[PDB]
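Read the structure below first, then the notes.
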Amino acid sequence: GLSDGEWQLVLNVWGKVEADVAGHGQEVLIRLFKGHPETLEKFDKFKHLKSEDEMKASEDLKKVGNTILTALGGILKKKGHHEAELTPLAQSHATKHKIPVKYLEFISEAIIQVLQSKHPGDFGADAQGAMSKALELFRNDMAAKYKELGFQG
Ligand code: HEM
Numbered sequence: 001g002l003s004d005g006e007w008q009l010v011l012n013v014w015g016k017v018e019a020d021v022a023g024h025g026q027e028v029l030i031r032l033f034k035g036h037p038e039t040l041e042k043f044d045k046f047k048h049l050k051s052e053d054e055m056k057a058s059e060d061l062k063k064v065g066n067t068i069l070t071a072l073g074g075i076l077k078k079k080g081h082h083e084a085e086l087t088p089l090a091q092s093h094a095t096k097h098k099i100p101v102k103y104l105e106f107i108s109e110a111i112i113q114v115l116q117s118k119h120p121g122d123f124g125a126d127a128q129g130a131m132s133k134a135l136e137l138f139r140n141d142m143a144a145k146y147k148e149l150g151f152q153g
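So in the authors' numbering, the last spot in the sequence shown is 153, and the numbers never skip.
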């Protein structure tokens with residue numbers, strides 16, 4: 001738990017992503033693949049993208065980024081009561097996309113780096129701490145769902 005105050009700062013920076021989900025989505029995926037290249041491999045629509053310029057042109061990359069931030073936004077609005085939204089995600093990432101929990105941590109950092117790059121005036125010391133805590137809470141519930149699905153906790 002975040003205090004109500006903290007959920008509020010979280011929802012407030014999230015409003016900036018909602019004004020351009022696909023643009024922030026694409027940037028988060030390019031930041032992720034540039035910082036942890038190995039994450040690239042879980043994505044078969046893109047194991048063939050060779051440069052930032054190919055990533056920037058990829059229509060599928062933009063759509064997947066979009067899909068990913070749309071689902072994150074939906075969890076976030078639940079404000080910690082996202083049990084129901086989380087389950088299907090843990091089911092699919094655990095057994096099908098097979099994503100290790102550390103990759104959830106790399107994506108969290110990429111999300112923060114994009115927020116920080118694109119909205120510095122709105123992403124102060126406050127909004128920063130609230131957003132990390134919200135992403136952290138998300139990581140921990142996922143890991144717990146993994147553990148309970150009998151996976152690599
Ligand atoms: C913010 C954390 C994440 C959220 C909210 C999220 C959400 C989603 C959603 C909603 C889908 C579509 C339905 C499904 O398969 O479940 C999806 C697909 C997928 N995600 Fe995740 N995801 C997250 C993190 C990641 C990470 C870190 C990776 C890999 C490093 C990943 C890899 C994939 C793959 C491979 C697919 C299938 C994509 C495709 O259509 O080609 N996701 N994700």
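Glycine included, each C-beta is placed from N, C-alpha and C at the ideal position.
Which one of the options has the shortest CA to CA distance from residue i?
i	options	result
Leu149	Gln91, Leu72, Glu18, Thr70	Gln91
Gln26	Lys118, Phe151, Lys102, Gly129	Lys118
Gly15	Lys145, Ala144, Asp122	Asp122
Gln113	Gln8, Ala57, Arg31, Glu52	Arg31
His97	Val10, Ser51, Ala144, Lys45	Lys45
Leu40	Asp4, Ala130, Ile107	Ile107
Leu104	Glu59, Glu136, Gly129, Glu54	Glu136
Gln128	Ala84, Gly35, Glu109	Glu109
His24	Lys56, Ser51, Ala144, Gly35	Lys56
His82	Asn140, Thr67, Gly35	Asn140
Less than 9 Å between the beta carbons of residue i and residue j, yes or no?
i	j	result
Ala71	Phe151	no
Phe138	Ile75	yes
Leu2	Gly80	yes
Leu89	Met142	yes
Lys133	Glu38	no
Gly73	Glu18	yes
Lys77	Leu11	yes
residue 158	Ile111	Beyond the ends of the chain as shown, which are 1 and 153, falls residue 158; an answer cannot be given.
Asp126	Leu49	no
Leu86	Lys42	no
Considering just the uninterrupted stretch of the alpha helix (DSSP H) at residue i, what are its terminal residues?
i	result
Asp126	125 to 148
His81	Taken as a continuous stretch (DSSP letters only), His81 belongs to no alpha helix (DSSP H), as it is neither H nor E.
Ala71	59 to 77
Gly25	21 to 35
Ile112	101 to 118
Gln8	4 to 18
Which residues end up in the neighbourhood of ligand 1 when you take C-beta atoms closer than 6 Å to any of its heavy atoms? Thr39, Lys42, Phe43, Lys45, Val64, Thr67, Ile68, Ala71, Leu72, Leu89, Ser92, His93, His97, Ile99, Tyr103, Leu104, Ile107
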